[PDB]
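Each answer follows from the model by the rule given with it, or from the source it names; no laboratory read-out is quoted. Virtual Cβ from ideal backbone geometry, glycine too; neighbours counted across all protein chains shown.
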Ligand SMILES: NC(=O)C1=CN([C@@H]2O[C@H](COP(=O)(O)OP(=O)(O)OC[C@H]3O[C@@H](n4cnc5c(N)ncnc54)[C@H](OP(=O)(O)O)[C@@H]3O)[C@@H](O)[C@H]2O)C=CC1
Ligand SMILES: NC(=O)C1=CN([C@@H]2O[C@H](COP(=O)(O)OP(=O)(O)OC[C@H]3O[C@@H](n4cnc5c(N)ncnc54)[C@H](OP(=O)(O)O)[C@@H]3O)[C@@H](O)[C@H]2O)C=CC1
Ligand SMILES: CN(Cc1cnc2nc(N)nc(N)c2n1)c1ccc(C(=O)N[C@@H](CCC(=O)O)C(=O)O)cc1
Ligand SMILES: CN(Cc1cnc2nc(N)nc(N)c2n1)c1ccc(C(=O)N[C@@H](CCC(=O)O)C(=O)O)cc1
Ligand SMILES: N#Cc1ccc(CC(=O)O)c(NC(=O)c2ccc(Cc3c[nH]c4nc(N)[nH]c(=O)c34)cc2)c1
Ligand SMILES: N#Cc1ccc(CC(=O)O)c(NC(=O)c2ccc(Cc3c[nH]c4nc(N)[nH]c(=O)c34)cc2)c1
Ligand SMILES: O=c1[nH]c(=O)n([C@H]2C[C@H](O)[C@@H](COP(=O)(O)O)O2)cc1F
Ligand SMILES: O=c1[nH]c(=O)n([C@H]2C[C@H](O)[C@@H](COP(=O)(O)O)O2)cc1F
């Protein structure tokens, strides 16, 4: 009655595992994971059994694996008794007799090609699945991993790792069966006595119907959950509130999201995100530009709503040209406190250049605690087409020469602005890291008013029904001299396999 | 084999539970907690047994409690068989016969005065302890709860609640006697050294974790500060800075505090609340004169405002304590041309605080209640750049005022407790002037660090189990936010641990 687990590394979409008798990739850390998970035992006087098919036995050179016993399933191989570390069986059913007569075997691992995988799943021999999702799909496969049956549920999904620009995950699946202690009861009783006087009741845990992949309870390591859980928390505790637009929101206050940038790029996979528009807006900020037409001329329409004749006249800026957004992010980054006139004037030399001072300080005094870039200028708020949402950012150089970023966001549209903000400040930190000579670190986003617009409810709930996939990789094709020299052609997005786009309208 | 639990409400320091045959307090929610915890059962055809002494049986009027069976320990009361809800036993040992006989009893609760408590603990009959710590100590007691034996460890400590300006907690004590997900995470952590972000955010070891036995019940929001200390001690990188005292630093941290039922003033260390208030009202008035704080026996800005320090950072033209345009000058005169600490600035710059107050009561659901202090044009003139850089304020649907604060650099030994209390008081001041109630306080930290000369001190502070937060009330309602005085502040139920001396790094 010992445990039987599948160990497999398959592609993220088509679940390919092999091609021409070998693997479609070469990931060293994945093999180490196979080695450590198949050697993991509890009894020093027992060994683990690794079951594999004959063709898989050929692909590993027909040589034994240390500290383990390999069980080859073959109809033609001679049942040789010379090697005690390799044993041959004529069928998979007869091979699963290490449970009974062989008390010297502690755990059993199935890992031997499509034929053995499919037979082990069809006959319900498998209890656990150790899946390594690999972000490679536009290549050739001839051997696939079977679709995981509905009797299995995911219980763990690791963060995204990177090897030679290849993104990969680690997941565990458990086969469902039938059907502290008093701390939960005491907390529930306290919540019944104190209604909303108990702060726990104002931060209720999301219900299962709005929880992304609810079967993953204690292993929600993938940092896309940092965004999906915020959606669920809003759906559970968001107060219905009006705002300056005609579209009400469900809002909560004081939230946090954390993302890794060392081994992945925080571009959401549960929805296809317009990465090009994000980059074009970011380089538009860096150049100090406030002319909205330059984004529209590059097929980027995210600032069209807040820069129309009707919207500008409504907020009392009818004197402006159609897309003259005024002194905003790009103008406070390069010309802070500069007297703004129009989008056509020359501002070279005006205001404080925070971005230049930031870059100079990052490489000359890295351990300084004042790497701050702000956009909140109370003297210029009335002239802006929209006050800053990503208000302030701080940057940090670790001891191992990595650049981390903290961002405070006063207002967060979780449907549209939030994924853009995550990717935008990830790219910005990477740009600062390359110009200053560091590596990307971490990205923390601290949110004030985190809200969901009521016309996004059907869409975001749809997005919550999609299990996340490994984050992609973002690499720069060339090293630039000035941070303003980055071009969209210099960006390489590797291994991005998202779910279909989800259309959502912006509230003007 | 059946469960035996003590339910008791005792004072926070002396563990007093009674006076003159009655309770030393009147907390309605505590009685409701007693009712819910003693009625909590699993079988609908069973009842719970409440064991109490005779004097306690007298104090409750000698009347039965619904749905439960009261067991009175007395040597004189007649063993009457008329009332089935009240049964009398001659001693506590013989009374613990609900274990073997009477299968109709599911759980057993001991709750009957000092004599029964002490006997139940001395004979090792008790498995669990439900303690309600009450923040009342300068009153008279004649009945005390025994000192909890070392065989018990706390497993839960609730947030601080308030009833009639009385702070109280809820704790659980236990007597000491997935699966493969943790293994897979450990294996992945062995393969990827610090490439796995979990290894860069390691869970603190037990030796630096405050009350490590409370694992799943760290509800008390003082843990939001103590655990941050532990995280720094576990993952902090040793780094140099502008001062001669190196720190252990981490980046990107968060603390959350409740202000509806308590005031976030740390109990594991006596915090100078008066100096915090005087600094805050000094900010609100728009004052940059460091002498006005020194004249009020507040010396927190003496180090960053000396002749030697100002000359060192290139401000030798300044007067002794002319700190320059800092907190409160950017609040009241943002972008205002700063001259000296004595000039008249009435009307210059943008008054963020006034606009903030006006917007909070005229447009509460606005998403732009922002108060900033980071002025890149004035950084060179400041004696010290702002640490609490930016704050945002939020009006809930039930007319509560919450506050978010971003802090670029956080001295966890000295500045952090001051910052927590300071912005707590500021939110309360804004709430009263705008006509709201205090809400929540979230603090987002960039460079959270511990100075190396605070290591012995902070580890000492981590050895102290937290106590209920106190209460902060205003004695009068003011017309303008600048009119608050220290005499208008009432700090109720503050019973901290001894002060811990720590030197500031200049
Ligand atoms: N990414 C990953 O995790 C893994 C990938 N792979 C890859 O997959 C490929 C190999 O898989 P695959 O092509 O399906 O071959 P298999 O590994 O499944 O081995 C098949 C052989 O096993 C024997 N066999 C299979 N079923 C039975 C049965 N019901 N009764 C008796 N004997 C049986 C047969 O050998 P015989 O002819 O002797 O009778 C058969 O030819 C390789 O490219 C390999 O590298 C393999 C393992 C893991
Ligand atoms: N804050 C809280 O949670 C609680 C507080 N209290 C307070 O504490 C006070 C009461 O406690 P306390 O003064 O200690 O009195 P007790 O409630 O402990 O009752 C004592 C009586 O129980 C009987 N008794 C005790 N021990 C024995 C024994 N070993 N054998 C036989 N009979 C025994 C005796 O009754 P007899 O004379 O008949 O022999 C004795 O007089 C009250 O003020 C009450 O309000 C009470 C409960 C809870
Ligand atoms: C059957 N097979 C193909 C193969 C390749 N990648 C996989 N990856 C996963 N996640 N799961 C599998 N079953 C798997 N199988 C294998 C099996 C073992 C070794 C191997 O060389 N293992 C060494 C690992 C060497 C190392 O430390 O790098 C060991 O000690 O177990 C290679 C391919
Ligand atoms: C023995 N005793 C004194 C008393 C008072 N406060 C306490 N508080 C605690 N935490 N623990 C105790 N053992 C305790 N005991 C009692 C016991 C029951 C009631 C009582 O009236 N209980 C009603 C409560 C009525 C209501 O809902 O408020 C019930 O239904 O249980 C009062 C005092
Ligand atoms: N899925 C998806 C998806 C598909 C296409 C697009 C447009 C594009 O790819 O070009 C988008 N993004 C936006 O349509 C978008 C995203 C961010 C902003 C910033 C912004 C400015 N002012 C705002 N005011 C409100 N209220 N909220 C906001 O997000 C903003 C404005 C628009 C998302
Ligand atoms: N326990 C304790 C305890 C006991 C007494 C006092 C002083 C008093 O009660 O009056 C204190 N607080 C301070 O001594 C103190 C607290 C906060 C500051 C703000 C500050 C300005 N510049 C700083 N620079 C550094 N590096 N760090 C800092 O905290 C500050 C400066 C000093 C703490
Ligand atoms: O980068 C952005 N991120 C974002 O979340 N918004 C959304 C938040 C909110 O829905 C709206 C701002 O309206 P308000 O000023 O009332 O917060 O824009 C806008 C951006 F430009
Ligand atoms: O409110 C404050 N909080 C705080 O933590 N500091 C500490 C943080 C740091 O130890 C020092 C500033 O050093 P630096 O300018 O390098 O961030 O002041 C100062 C304040 F005024």
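Within region B:377-415, can you find the residues that are within 18 Å of the chain's Cα centre (by Cα) and either over 25 Å from residue B:273 (Cβ atoms) or surrounded by fewer than 21 Cβ atoms within 10 Å (Cβ to Cβ) (or both)?
Passing the criteria: B:414, B:415.
Select, from B:375, B:397, B:404, the only residue that is within 16 Å of ligand 7 (Cβ to nearest atom) and in contact with a strand residue (DSSP E or B) (Cβ under 9 Å, 6 or more places away or on another chain). I'd like the intermediate steps shown before the answer.
Working: B:375 fails: within 16 Å of ligand 7 (Cβ to nearest atom); B:397 fails: within 16 Å of ligand 7 (Cβ to nearest atom).
None of the other options fit; the residue is B:404.
Could you tell me which of the residues B:101, B:91 is out of contact with any strand residue (DSSP E or B) (no Cβ under 6 Å at 6 or more places or on another chain) and surrounded by 10 or more Cβ atoms within 10 Å (Cβ to Cβ)? First the steps, then the outcome.
On the way: B:101 fails: surrounded by 10 or more Cβ atoms within 10 Å (Cβ to Cβ).
Criteria check complete, one pass: B:91.
Here are some conditions: (1) within 30 Å of residue B:168 (Cβ to Cβ); (2) part of a strand (DSSP E or B). Residue A:236 meets all but one. Which one does it not meet?
Every listed condition holds for residue A:236 apart from (2).
Could you please tell me which pairs satisfy a Cβ distance under 7 Å, a separation of 6+ or placement on different chains, a first residue in region B:382-400 that is more than 10 Å from chain A (Cβ to nearest Cβ) and farther than 18 Å from residue B:280 by Cα, and a second residue that is more than 16 Å from ligand 4 (Cβ to nearest atom) and in a strand (DSSP E or B)?
Going by the 7 Å Cβ cut-off, the qualifying pairs are B:399/B:437.
Name the strands (runs of 3 or more DSSP E) wholly within region B:33-145 that hold at least 3 residues that are within 14 Å of chain A (Cβ to nearest Cβ)? Before you say what the answer is, go through the steps one by one.
Numbers: elements: B:47-53, B:68-73, B:86-89, B:105-110, B:128-134.
So the answer is B:105-110, B:128-134.
Only one of these is surrounded by fewer than 21 Cβ atoms within 10 Å (Cβ to Cβ), farther than 30 Å from residue B:499 by Cα and either in contact with a strand residue (DSSP E or B) (Cβ under 8 Å, 6 or more places away or on another chain) or at the interface with chain A (Cβ under 9 Å from one of its Cβ atoms) (or both): B:346, B:340. Name it.
Details: B:346 fails: either in contact with a strand residue (DSSP E or B) (Cβ under 8 Å, 6 or more places away or on another chain) or at the interface with chain A (Cβ under 9 Å from one of its Cβ atoms) (or both).
Among B:346, B:340, only B:340 is surrounded by fewer than 21 Cβ atoms within 10 Å (Cβ to Cβ), farther than 30 Å from residue B:499 by Cα and either in contact with a strand residue (DSSP E or B) (Cβ under 8 Å, 6 or more places away or on another chain) or at the interface with chain A (Cβ under 9 Å from one of its Cβ atoms) (or both).
Please find, within region B:285-300, the residue that is nearest to residue B:415 (Cα to Cα) out of those that are surrounded by fewer than 21 Cβ atoms within 10 Å (Cβ to Cβ) and in contact with a helix residue (DSSP H, G or I) (Cβ under 7 Å, 6 or more places away or on another chain).
Restricting attention to region B:285-300, the residues satisfying the condition of being surrounded by fewer than 21 Cβ atoms within 10 Å (Cβ to Cβ) are B:285-287, B:289, B:291-292, B:294-300.
Still in the running and in contact with a helix residue (DSSP H, G or I) (Cβ under 7 Å, 6 or more places away or on another chain): B:285-286, B:292, B:296, B:298, B:300.
Details: B:285: 21, B:286: 21, B:292: 20, B:296: 19, B:298: 14, B:300: 10 Å.
Taking the candidates together, the pick is B:300.
Please indicate, with yes or no, whether at least one residue in region B:37-53 is closer than 30 Å to residue B:497 by Cα and either surrounded by 13 or more Cβ atoms within 10 Å (Cβ to Cβ) or assigned by CATH to the domain that holds residue B:114 (or both). Working first, answer last.
Within region B:37-53, the subset closer than 30 Å to residue B:497 by Cα is none.
Scanning region B:37-53 turns up no residue that is closer than 30 Å to residue B:497 by Cα and either surrounded by 13 or more Cβ atoms within 10 Å (Cβ to Cβ) or assigned by CATH to the domain that holds residue B:114 (or both).
Can you tell which of B:354, B:431 is over 16 Å from residue A:391 (Cα atoms), more than 12 Å from ligand 8 (Cβ to nearest atom) and either surrounded by fewer than 19 Cβ atoms within 10 Å (Cβ to Cβ) or outside the structural domain of residue B:305 (by CATH) (or both)? Break it down into steps so the answer makes sense when it comes.
Details: B:431 fails: either surrounded by fewer than 19 Cβ atoms within 10 Å (Cβ to Cβ) or outside the structural domain of residue B:305 (by CATH) (or both).
Sole residue among the options that is over 16 Å from residue A:391 (Cα atoms), more than 12 Å from ligand 8 (Cβ to nearest atom) and either surrounded by fewer than 19 Cβ atoms within 10 Å (Cβ to Cβ) or outside the structural domain of residue B:305 (by CATH) (or both): B:354.
Considering each of B:421, B:448, B:505 in turn, give the residue that is within 14 Å of chain A (Cβ to nearest Cβ) and within 11 Å of ligand 6 (Cβ to nearest atom).
Details: B:421 fails: within 14 Å of chain A (Cβ to nearest Cβ); B:448 fails: within 11 Å of ligand 6 (Cβ to nearest atom).
Only one candidate qualifies: B:505.
Any idea which residue in region A:203-221 is farthest from residue A:33 (Cα to Cα), counting only those that are facing chain B (nearest Cβ under 9 Å) and surrounded by fewer than 18 Cβ atoms within 10 Å (Cβ to Cβ)? Step through it out loud before you land on a result.
So the first thing to find is which residues in region A:203-221 are facing chain B (nearest Cβ under 9 Å), and the list is A:203, A:217-219, A:221.
Filter again for surrounded by fewer than 18 Cβ atoms within 10 Å (Cβ to Cβ), leaving A:203, A:217-218.
Values: A:203: 38, A:217: 22, A:218: 20 Å.
Only one residue fits best here, namely A:203.
Can you work out which of the residues in region A:314-337 that are in a helix (DSSP H, G or I) and buried (at least 20 other Cβ atoms within 10 Å of the Cβ) is nearest to ligand 5 (Cβ to nearest atom)?
Checking each candidate, the answer is A:329.
Could you look through region B:20-32, keep only residues that are assigned to a loop (DSSP other than H, G, I, E, B) and surrounded by 15 or more Cβ atoms within 10 Å (Cβ to Cβ), and pick out the one that is nearest to the other protein chains (Cβ to nearest Cβ)? Give the steps one after another, and end with the answer.
Filtering region B:20-32 down to residues assigned to a loop (DSSP other than H, G, I, E, B) leaves B:20-21, B:23-27.
Now narrow it down to the ones that are surrounded by 15 or more Cβ atoms within 10 Å (Cβ to Cβ): B:23-25, B:27.
Values: B:23: 18, B:24: 21, B:25: 17, B:27: 11 Å.
Per the stated criteria, the residue is B:27.
Looking only at region A:31-51, which residues are more than 13 Å from residue A:71 (Cα to Cα), more than 16 Å from ligand 1 (Cβ to nearest atom) and in contact with a strand residue (DSSP E or B) (Cβ under 7 Å, 6 or more places away or on another chain)?
Selection gives A:39, A:41, A:42, A:43, A:46.
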